[PDB]
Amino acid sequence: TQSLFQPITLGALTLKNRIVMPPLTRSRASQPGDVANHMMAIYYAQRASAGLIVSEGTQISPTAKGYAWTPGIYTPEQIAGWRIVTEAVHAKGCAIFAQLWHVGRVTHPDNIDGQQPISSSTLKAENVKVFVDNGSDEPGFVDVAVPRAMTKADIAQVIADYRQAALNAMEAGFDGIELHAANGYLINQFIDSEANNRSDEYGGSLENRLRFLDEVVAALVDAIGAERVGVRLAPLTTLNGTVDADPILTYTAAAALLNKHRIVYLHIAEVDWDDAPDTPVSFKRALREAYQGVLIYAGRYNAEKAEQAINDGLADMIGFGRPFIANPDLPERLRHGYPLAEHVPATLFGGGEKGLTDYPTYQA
């Protein structure tokens, strides 16, 4: 755990340790308005012993939302709500990035103002469900709708929304933003070959499939600086059903592309729930060469595996998702080998402070 508790520079920031609280959707946003709120500020501040916190996915526009009660980052109220969160976190001495979210085809019209979902293509995410609370029917999971393929104008608009969302994040006092390009959401729907059947310059070739990622990142960097832009990829998991034919190649290329932008960190999601594909060390070694910034991994890490990943030269920082839910003082527990509480799946999403802010710190 020695390396794990070494500080690290992240752009202009000097982080206290190598531990990341990765994005964790808790769907606690105040209704109506999907506004980041007090319990969320407390929740994040409780966990501010992390070296870096990355917020739960936060939708960049009304049509970017996939799930009921997730916080937005496009209205003045939403920005103000996030500001209280970032101030609460900053009061503790911690860095926090906003994960900018566009779910693309992984949504339902009820979650996006009756609009049709957008995507690279008109392919539905098969067997994929999102959660809806439309005010009329009893809230619950529903099948995603069929998306429409983005036009060049849609692409320009979404890039605009990402760019503005980044400015909004800075206005909300975030230290940076993380582009959610993972888990089968909008950008992932362009990247992964089986989710992209476009015939224009945004589909087909590997270079084309990465074009949307390229242009979104260009915008983000232009807006707030590369030192404040991170990106998250999930090369091998297939959460929400985007599949690539050659993920090892696609994502090593993507890492190289992102390296050209000099994004401050690349965040690799290795595991999603029980979707834990073998991530070859040789792949990780290739990513380490393709991308020369701060490399973050999350997925079933414990203290031992985290430390080894760092000492092996594979990772610079390690995210702990589920353990951070149930252990606000996760770093302290990891350092001392204190037993980790386990989270209650039933209170992961929705509800109030219960299962959010009432996981106690460790007490012998």
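The first residue of the shown sequence is 1; numbering continues from there.
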Quick check: 304-312 versus 61-69, which has the larger average CA B-factor in the record? 61-69
Higher average CA B factor in the deposited record is what I'm after, so tell me if that's 202-210 or 136-144. 136-144
By the entry's C-alpha temperature factors, tell me which of 108, 267, 180, 83 sits highest. 108
Based on the PDB entry, the highest CA temperature factor among the options 175, 161, 215, 272 is that of 272
Ranking every modelled residue in this chain by its Cα temperature factor as given in the entry, which third contains residue 293? lowest
Going by what the PDB entry lists, where does residue 130 fall on CA B-factor within its chain: lowest, middle or highest third? highest
Quick check for you: using the entry's CA B-factors within this chain, is residue 352 in the lowest, middle or highest third? highest
Per the entry's values, where does residue 99 land by CA temperature factor relative to the rest of its chain, in the lowest, middle or highest third? lowest
By its CA B factor, does residue 328 count among the lowest, middle or highest third of the modelled residues in the chain? lowest
